[PDB]
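Peer 1: so I pulled this structure from the PDB, and the sequence comes with it:
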Amino acid sequence: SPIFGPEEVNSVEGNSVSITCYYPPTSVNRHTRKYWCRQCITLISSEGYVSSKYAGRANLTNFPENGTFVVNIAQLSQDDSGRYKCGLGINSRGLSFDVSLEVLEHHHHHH
Ligand SMILES: [Mg+2]
């Protein structure tokens, strides 16, 4: 478990959420591709790829000195609840961490 992050993240429909994953701050790690995928299909990476579902509604930023990268996701919907992975390199390399995202429903506002 070299990489570390939030095992579980809960949010409410309509919110914005940020997910921070940590990795050894060594050169290879620092410059290798960072990715966020849904259990695993790439949704956004540090190598210029941004899926259509995420285009404009999310971001992925790398902070090498810290050995971290952050995925910001906005306007969370019921479609976003699920299992994801944040990792380095290629998806099937396994060098990742599993994150469970639960988007709690937004109840109506009476009273
Ligand atoms: Mg409300």
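Peer 2: Perfect, thanks for sending it. Numbers count the residues shown, from 1 in each chain.

Peer 1: in this protein, which spans are strands?
Peer 2: 8-12, 17-22, 34-38, 41-45, 58-63, 68-73, 82-88, 96-104 (DSSP state E).

Peer 1: can you redo these as a markdown table with distance to residue 2?
Peer 2: The way it works is simple: take the backbone N, C-alpha and C, and place the C-beta from them, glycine included. Converted to a markdown table, the strands of the chain look like this (distance: least, C-beta to C-beta, whole Å):
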| stretch | distance to residue 2 |
| --- | --- |
| strand 8-12 | 20 |
| strand 17-22 | 9 |
| strand 34-38 | 14 |
| strand 41-45 | 19 |
| strand 58-63 | 16 |
| strand 68-73 | 13 |
| strand 82-88 | 9 |
| strand 96-104 | 9 |
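
Peer 1: closest one to residue 1 among the ones you listed?
Peer 2: strand 96-104 (7.2 Å; C-beta to C-beta).

Peer 1: export that closest one to PDB, keeping only CA atoms.
Peer 2: C-alpha atoms of strand 96-104 as PDB (Å, rounded to 0.1, in the frame of the first residue of the first chain):
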ATOM      1  CA  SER A  96      -2.900   2.700  -7.000                       C
ATOM      2  CA  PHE A  97      -5.300   3.100  -4.000                       C
ATOM      3  CA  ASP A  98      -9.000   2.300  -4.000                       C
ATOM      4  CA  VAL A  99     -11.500   5.100  -3.200                       C
ATOM      5  CA  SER A 100     -15.200   4.600  -2.600                       C
ATOM      6  CA  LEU A 101     -17.300   7.700  -3.400                       C
ATOM      7  CA  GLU A 102     -20.800   7.900  -2.000                       C
ATOM      8  CA  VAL A 103     -23.000  10.800  -3.100                       C
ATOM      9  CA  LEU A 104     -25.800  11.000  -0.500                       C
END
